[PDB]
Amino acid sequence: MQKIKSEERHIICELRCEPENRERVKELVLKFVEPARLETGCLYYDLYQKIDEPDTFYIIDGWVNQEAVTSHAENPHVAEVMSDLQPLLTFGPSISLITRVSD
């Protein structure tokens, strides 16, 4: 159960854009959602928006293990959406790979 916990990999990914591209950025990032959840080792995957700074988005997702999150980062559909997103971003996806300490 502790080997299960420690094997998980979670990701916080921060993205920011200019006010004018807020709707377009939101639309693109949503595309990552359902396909990511269908990836087999995906525990969860959700897009969030900062309440006081709507130009700031966070993607929070969890994976069964390193291999699942790595397979996810290498996914063609992820790269394809990332390609369209990059030019709209003022703060490029800032990724934090983390592990769960709490049971």
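Numbering starts at 1 and runs along the sequence shown.
**Student:** Per the entry, where is the mean C-alpha temperature factor higher: 25-33 or 43-51?
**Tutor:** Taking the mean C-alpha B-factor of 25-33 and of 43-51, the larger value falls to 25-33.
**Student:** Can you let me know which of the two, 68-76 or 55-63, has the higher average C-alpha B-factor in the entry?
**Tutor:** Between 68-76 and 55-63, it is 68-76.
**Student:** Tell me, lowest, middle or highest third: where does the Cα B factor of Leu97 rank within its chain?
**Tutor:** CA B-factor rank for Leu97: lowest third.
**Student:** Taking the entry's C-alpha B-factors for this chain, is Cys13 in the lowest, middle or highest third?
**Tutor:** Lowest third, going by the recorded CA B-factors of the chain.
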